[PDB]
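Peer 1: Just the structure for this:
(2 chains, ligands or ions: 1)
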Amino acid sequence: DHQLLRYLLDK
Amino acid sequence: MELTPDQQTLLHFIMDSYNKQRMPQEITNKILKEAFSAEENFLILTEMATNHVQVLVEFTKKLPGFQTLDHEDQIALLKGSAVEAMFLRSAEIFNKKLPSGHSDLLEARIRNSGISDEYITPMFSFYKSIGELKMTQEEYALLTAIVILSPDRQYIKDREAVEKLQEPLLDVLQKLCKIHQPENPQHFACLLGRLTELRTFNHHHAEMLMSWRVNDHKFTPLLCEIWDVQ
Ligand SMILES: Cc1cc(C(=O)O)ccc1NC(=O)[C@H](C1CCCCC1)n1c(-c2ccc(Cl)cc2)nc2cc(F)c(F)cc21
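Peer 2: Numbers count the residues shown, from 1 in each chain, chains lettered A, B, ... in the order given. Provided below are the atomic coordinates:
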């Protein structure tokens, strides 16, 4: 899913 | 031949962002301070690797143009480069000059950290091949950005957009090599050749981690996303 990674990238 | 104004700006900007990293000495001082159990080392590794992913995302977000890329491609780039960046950073620290015999002890400690012997040789073989290149801080910084902006990563939809972003970094790196080693007109290509060996670490990273000599292999939610474990 990469939920955390997507979060860190957008923030 | 020489670095242009735009190239000098790029380099210093890359250097500034690369410098937001956990200082090398902290990691090696700790490993050399005392011997830890395979269990304590697996936990040191997960903590260090989680902080490294977080720093890598921030470094990556600053690469000129990365923000303009399609979001899904941005994920594919980070996900495709995280393991390599981590090993390239570990390679950097491993070859940093230390007091007499300290690097022998650092290598001994790592060799006995818990990783399976199956993976020890390929790892020190890569760190040694890196140390032979005698890379400067600017070279490690540029090579990291080149690794992240690899346009042939898996599930990259728009490869040309990534090539456009990677090319200025290759250009600056190449000019630096043609200067820091006019004596080795191969240095640039030698640096690039190492990226092939780096890529081999993707193949068995999960195996290498699951093979650590511990009874339980606990990762963090972020490491699970990026490493494909748990
Ligand atoms: C993650 C990480 C992040 C940063 C950062 O954010 O700047 C820096 C270094 C590391 N790396 C580590 O902590 C680990 C462990 C070495 C063993 C003990 C725990 C740390 N590490 C590995 C290794 C071995 C095996 C694997 Cl699978 C991955 C890496 N090789 C190393 C070579 C060294 F010279 C060294 F000093 C540490 C080294």
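
Peer 1: Pull out the buried residues from the helix or strand harbouring residue B:143.
Peer 2: Applying DSSP states H and E as the criterion places residue B:143 in helix B:137-148. Neighbour-count burial for helix B:137-148 flags B:138, B:139, B:140, B:141, B:142, B:143, B:144, B:145, B:146, B:147, B:148 (criterion: 16 or more other C-beta atoms under 10 Å in any protein chain shown). C-beta here means a position set from N, CA and C on the backbone, and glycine is covered the same way.

Peer 1: List phi and psi for residue B:211.
Peer 2: Backbone torsions of residue B:211, given as degrees, to the nearest 10, read phi -80, psi -10.

Peer 1: What is the burial count for it?
Peer 2: By the criterion of other C-beta atoms under 10 Å in any protein chain shown, residue B:211 has 16 neighbours.

Peer 1: still on that earlier bit, can you name every helix or strand that the very next helix or strand once past the helix holding residue B:143 contacts?
Peer 2: Elements were assigned by DSSP H and E; along the chain past helix B:137-148, the next helix or strand is helix B:159-180. Packing partners of helix B:159-180 (3 or more C-beta pairs under 8 Å, 6 or more residues apart in numbering or on different chains; DSSP states H and E): helix B:5-18, helix B:71-94, helix B:137-148, helix B:187-203.

Peer 1: between the ones you listed, which gets nearest to residue B:168?
Peer 2: helix B:5-18 (6.3 Å; C-beta to C-beta).

Peer 1: Would you mind getting the angle between the closest one and helix B:159-180?
Peer 2: Here the directions of helix B:5-18 and helix B:159-180 differ by 100 degrees (axes from the mean of the first three to the mean of the last three C-alpha atoms, to 10 degrees).
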